[PDB]
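Visitor: This is the structure I want to talk about, given as structure tokens.
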Amino acid sequence: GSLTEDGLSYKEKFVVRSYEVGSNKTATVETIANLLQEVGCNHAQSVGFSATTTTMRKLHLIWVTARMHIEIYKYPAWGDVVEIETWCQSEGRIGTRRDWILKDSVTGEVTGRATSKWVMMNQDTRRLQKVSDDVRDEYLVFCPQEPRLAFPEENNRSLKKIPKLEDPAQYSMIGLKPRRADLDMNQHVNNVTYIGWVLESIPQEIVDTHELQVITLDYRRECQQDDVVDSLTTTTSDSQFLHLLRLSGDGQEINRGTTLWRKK
Amino acid sequence: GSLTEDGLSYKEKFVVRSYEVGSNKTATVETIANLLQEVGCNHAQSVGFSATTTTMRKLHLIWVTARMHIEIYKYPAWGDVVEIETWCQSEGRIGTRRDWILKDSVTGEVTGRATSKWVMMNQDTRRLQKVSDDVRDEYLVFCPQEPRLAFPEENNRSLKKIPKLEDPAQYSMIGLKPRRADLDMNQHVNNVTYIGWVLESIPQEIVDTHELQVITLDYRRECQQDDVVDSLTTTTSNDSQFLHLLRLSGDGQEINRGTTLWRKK
Ligand SMILES: COc1ccc(NC(=O)CN)cc1
Ligand SMILES: COc1ccc(NC(=O)CN)cc1
């Protein structure tokens, strides 16, 4: 991996691993999501971050994912090389955005794209704080000044309002728990595990006959390592689904999302 | 990755990823186990396998893991480079063995080692069988002829008989289920998931104060994607030792037994 010539974005190549592929001999969407997360971390390290700034560590402030949107046109097989380009952008006082472009390293064609919204939070009180002027200045020297969007189109899937699934759900997977492998270096559940949990309630026949083209996921609350999750799905339609992750006990919402699947 | 000069072993380098590390800022034993599996698959591909031979595919035969033994002296941090060397060896009609040596690519020092026993099974009936002469000749051209052991020592930990945990277990983690990420390309539960399930019943205080040095795991039966597992652990012991058992949640059918050795940080 390396920052590009202008130093305002970062590229990295990954050779797809044997254990990273699913039943259709291609990388799972969870493998793709882990690769996006890895190239984002490597971009942060290359420009001097932990992605907390100096002001943020003094104030006990962190960036948290509010939304993840991923569109995949082609999944890579075991042995294939995926090139990922990533960059960040300030969105005023609302927060920050991280975007990705996925390419087949051999042909140079675009095989996918992703966008994510991040909000500022106090790590102890868990209260959202709105971006301050001091923090914005520290982040802007690493971001392109003119807008650079992975999803530019006016009225695109990435900025759609997602509704709350109504009981009863058409499909469900109950009693989902994280294990130690699902936790990051700070003992928090990895954001990619929530994507896996959402997809657990899609029936196996859809997975066997369709490929996932689009996934939009809102993050409302964290799931703790001792929490239990229920995954709910309803067909809204290509096949489209509405999703809800909630705590098994009280029914507290942790995530809501939508998926779009194409017939193979 | 590449086969070595003599073509009888395979080497590969891996840079440790941000999502591959645990609470200690080092690679989890599950990340290590996935890397061993990846370098084993790349070794098989480099010499023409897919690791069924031509005779095995004709007779609906597969290699299945009977035992996995891993010893780690040092865990790599995010950004570190781990070099893994792997090779195979015939063990007569009992089966085959795959061995690994893990090194720090920068210093060249040995940071870990692993050995695994594989038995032949008919894919459909699930019946184990001894290795035939025709199969033996087909993989001996890819194996060193003189013995080459990652665990050469006489009374080494890798060949120890593991007992069956007696109820009640000291610790337990109940209702463990695989998700789609835990399944391989053939929709079978990945062998590394069983290692994670065994470790789920170790208390968090041991994980917070000790590092895993050794893990020996016997594979008795396969867990299906719609099966539920219970993970059981009892302390048997500076060092901490545990006895482990994975069994199906319903009938209590054994799927795995194992032992772990942990050293104080
Ligand atoms: C109430 O505000 C929020 C709280 C939590 C999140 N996200 C996560 O904690 C998921 N990693 C997003 C917004
Ligand atoms: C009946 O004998 C055996 C059955 C299964 C295994 N191993 C695995 O299925 C590992 N996933 C080993 C021996």
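Letters for chains follow the order of the structure tokens (A, B, ...), residue numbers begin at 1 for each chain, and ligand numbers begin at 1 in the order shown.
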Write out as a PyMOL selection string each polymer residue whose atoms come within 12 Å of residue 240 in chain A, counting only C-alpha atoms; drop sequence neighbours fewer than 3 positions from it.
Guide: chain A and resi 202+206+210-216+233-237+243+257-263
Visitor: Save the residues we just selected, N, CA and C atoms, as a short mmCIF file (atom, residue, chain, number, x, y, z; two decimals), in the first residue's frame?
Guide:
data_model
loop_
_atom_site.label_atom_id
_atom_site.label_comp_id
_atom_site.auth_asym_id
_atom_site.auth_seq_id
_atom_site.Cartn_x
_atom_site.Cartn_y
_atom_site.Cartn_z
N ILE A 202 -31.14 -13.84 5.57
CA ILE A 202 -31.50 -14.03 4.15
C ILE A 202 -31.56 -15.54 3.97
N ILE A 206 -31.93 -17.85 -1.70
CA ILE A 206 -31.58 -16.56 -2.31
C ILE A 206 -30.06 -16.49 -2.47
N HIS A 210 -28.83 -16.00 -6.19
CA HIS A 210 -28.57 -14.58 -6.42
C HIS A 210 -27.21 -14.16 -5.88
N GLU A 211 -26.70 -13.03 -6.35
CA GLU A 211 -25.48 -12.44 -5.80
C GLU A 211 -25.85 -11.08 -5.19
N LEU A 212 -25.20 -10.71 -4.09
CA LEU A 212 -25.46 -9.42 -3.45
C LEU A 212 -24.86 -8.28 -4.29
N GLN A 213 -25.71 -7.34 -4.72
CA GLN A 213 -25.23 -6.22 -5.51
C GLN A 213 -25.04 -4.95 -4.64
N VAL A 214 -26.00 -4.65 -3.75
CA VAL A 214 -25.94 -3.45 -2.93
C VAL A 214 -26.32 -3.77 -1.49
N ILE A 215 -25.63 -3.13 -0.52
CA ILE A 215 -25.98 -3.22 0.89
C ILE A 215 -25.80 -1.83 1.53
N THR A 216 -26.85 -1.29 2.14
CA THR A 216 -26.79 -0.03 2.87
C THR A 216 -27.09 -0.38 4.33
N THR A 233 -35.56 -9.99 8.53
CA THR A 233 -35.58 -9.64 7.11
C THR A 233 -36.99 -9.80 6.53
N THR A 234 -37.41 -8.86 5.66
CA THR A 234 -38.67 -8.92 4.93
C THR A 234 -38.41 -8.54 3.47
N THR A 235 -38.96 -9.33 2.52
CA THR A 235 -38.81 -9.02 1.10
C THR A 235 -39.64 -7.79 0.78
N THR A 236 -39.06 -6.80 0.11
CA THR A 236 -39.79 -5.59 -0.27
C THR A 236 -40.03 -5.48 -1.78
N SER A 237 -39.39 -6.34 -2.59
CA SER A 237 -39.58 -6.30 -4.04
C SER A 237 -40.89 -7.01 -4.49
N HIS A 243 -34.03 -4.86 6.42
CA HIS A 243 -33.37 -5.55 7.52
C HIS A 243 -33.39 -4.81 8.84
N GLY A 257 -31.14 -1.80 7.73
CA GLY A 257 -30.51 -1.82 6.41
C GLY A 257 -31.40 -2.32 5.30
N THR A 258 -30.87 -2.28 4.08
CA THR A 258 -31.52 -2.76 2.86
C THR A 258 -30.47 -3.50 2.01
N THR A 259 -30.90 -4.55 1.29
CA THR A 259 -30.03 -5.27 0.37
C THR A 259 -30.70 -5.43 -1.00
N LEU A 260 -29.91 -5.43 -2.06
CA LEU A 260 -30.40 -5.63 -3.40
C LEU A 260 -29.59 -6.79 -3.99
N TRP A 261 -30.28 -7.82 -4.48
CA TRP A 261 -29.64 -9.01 -5.03
C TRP A 261 -30.03 -9.19 -6.50
N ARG A 262 -29.05 -9.56 -7.34
CA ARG A 262 -29.25 -9.82 -8.77
C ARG A 262 -29.28 -11.33 -9.05
N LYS A 263 -30.17 -11.79 -9.95
CA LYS A 263 -30.21 -13.21 -10.32
C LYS A 263 -28.89 -13.58 -11.03
#
Visitor: Residues of chain B within 10 Å of chain A, counting only C-alpha atoms, what are they? List them as a ChimeraX atom specification.
Guide: /B:17-31,34-35,37-42,78-79,175-188,190,192-193,196-197,199-200,204
Visitor: So which residues are near ligand 2, meaning at most 12 Å away with only C-alpha atoms and all ligand atoms counted, given back as a ChimeraX atom specification?
Guide: /B:62-68,95,116-129,182-184,186-195,217-225,254-257
Visitor: Between CA of residue 113 in chain B and CA of residue 9 in chain B, what distance in Å does the model show, to one decimal?
Guide: 14.7 Å
Visitor: DSSP on the backbone: which residues in range 109-169 of chain A end up as helix (DSSP H, G or I)? Give the answer as a ChimeraX atom specification.
Guide: /A:133-140,157-159
Visitor: Could you pull the residues within 9 Å of residue 149 in chain B, counting only C-alpha atoms, minus those fewer than 4 positions along the same chain, as a compact mmCIF listing (two decimals) with N, CA, C and O atoms, in the first residue's frame?
Guide:
# COMPACT_ATOMS: atom_id res chain seq x y z
N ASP B 99 3.33 -30.18 7.97
CA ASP B 99 4.07 -29.45 9.00
C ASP B 99 4.33 -28.01 8.60
O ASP B 99 4.39 -27.68 7.41
N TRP B 100 4.49 -27.14 9.59
CA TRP B 100 4.76 -25.73 9.35
C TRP B 100 5.82 -25.21 10.31
O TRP B 100 5.91 -25.65 11.46
N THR B 115 1.95 -28.89 13.36
CA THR B 115 1.88 -30.19 12.73
C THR B 115 0.41 -30.61 12.69
O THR B 115 -0.39 -30.23 13.55
N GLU B 153 11.45 -33.94 18.58
CA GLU B 153 11.62 -34.44 19.96
C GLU B 153 10.89 -35.77 20.29
O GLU B 153 9.82 -36.03 19.74
Visitor: Could the residues that lie within 8 Å of ligand 1, counting only C-alpha atoms and all ligand atoms, be listed as a PyMOL selection string?
Guide: chain A and resi 64-67+119+121+126-128+188-191+218-223+254
Visitor: Would you kindly return, as a short mmCIF file (atom, residue, chain, number, x, y, z; two decimals) with C-alpha atoms, in the first residue's frame, each protein, DNA or RNA residue with an atom no farther than 10 Å from any atom of residue 14 in chain A, considering only C-alpha atoms and excluding same-chain residues fewer than 5 positions away?
Guide:
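Output below, filename part_0.cif:
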data_model
loop_
_atom_site.label_atom_id
_atom_site.label_comp_id
_atom_site.auth_asym_id
_atom_site.auth_seq_id
_atom_site.Cartn_x
_atom_site.Cartn_y
_atom_site.Cartn_z
CA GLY A 1 0.00 0.00 0.00
CA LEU A 35 -10.46 -5.17 2.99
CA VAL A 39 -7.05 -0.03 3.46
CA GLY A 79 -6.07 -15.94 -6.36
CA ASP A 80 -7.49 -12.75 -7.95
CA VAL A 81 -6.01 -9.32 -7.15
CA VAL A 82 -8.28 -6.53 -5.95
CA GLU A 83 -6.95 -2.95 -6.02
CA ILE A 84 -8.64 -0.55 -3.57
CA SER A 105 -5.83 -5.07 -10.67
#
Visitor: As number ranges by chain, please: the residues near range 70-76 of chain B (cut-off 6 Å, only C-alpha atoms, same-chain neighbours under 4 positions excluded).
Guide: B: 26-27, 80, 111-114, 213-215
Visitor: So the first atom is CA of residue 262 in chain B and the second is CA of residue 150 in chain B; what is the distance between them in Å, to one decimal place?
Guide: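 Separation of CA of residue 262 in chain B and CA of residue 150 in chain B: 20.4 Å.
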Visitor: For residue 233 in chain B, please output as a list in words all residues within 10 Å (counting only C-alpha atoms; exclusion window: fewer than 4 positions along the same chain).
Guide: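 Contacts, with the query itself left out: residues 165, 166, 168, 169, 170, 171, 172, 173, 198, 199, 200, 201, 202, 203, 242, 243, 244, 245, 246, 257, 258, 259 and 260 of chain B.
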Visitor: Out of B:47, B:36, B:110, B:131, which residue has the shortest atom-to-atom distance to residue 61 in chain B when counting only C-alpha atoms?
Guide: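 Ranking B:47, B:36, B:110, B:131 by distance to residue 61 in chain B, first place goes to B:131.
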Visitor: At a cut-off of 9 Å, using only C-alpha atoms, what residues contact residue 87 in chain B? Leave out same-chain residues fewer than 2 positions from it and give the result as a ChimeraX atom specification.
Guide: /B:8-10,40,43,85,89,97-100,142-144,148
Visitor: Residues of range 188-229 of chain A in strand (DSSP E) according to DSSP, as a ChimeraX atom specification?
Guide: /A:210-219,229
Visitor: Rank nothing, just name the residue among B:55, B:105, B:86, B:238 nearest to residue 137 in chain B, using only C-alpha atoms.
Guide: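 Checking each of B:55, B:105, B:86, B:238 against residue 137 in chain B, counting only C-alpha atoms, the winner is B:55.
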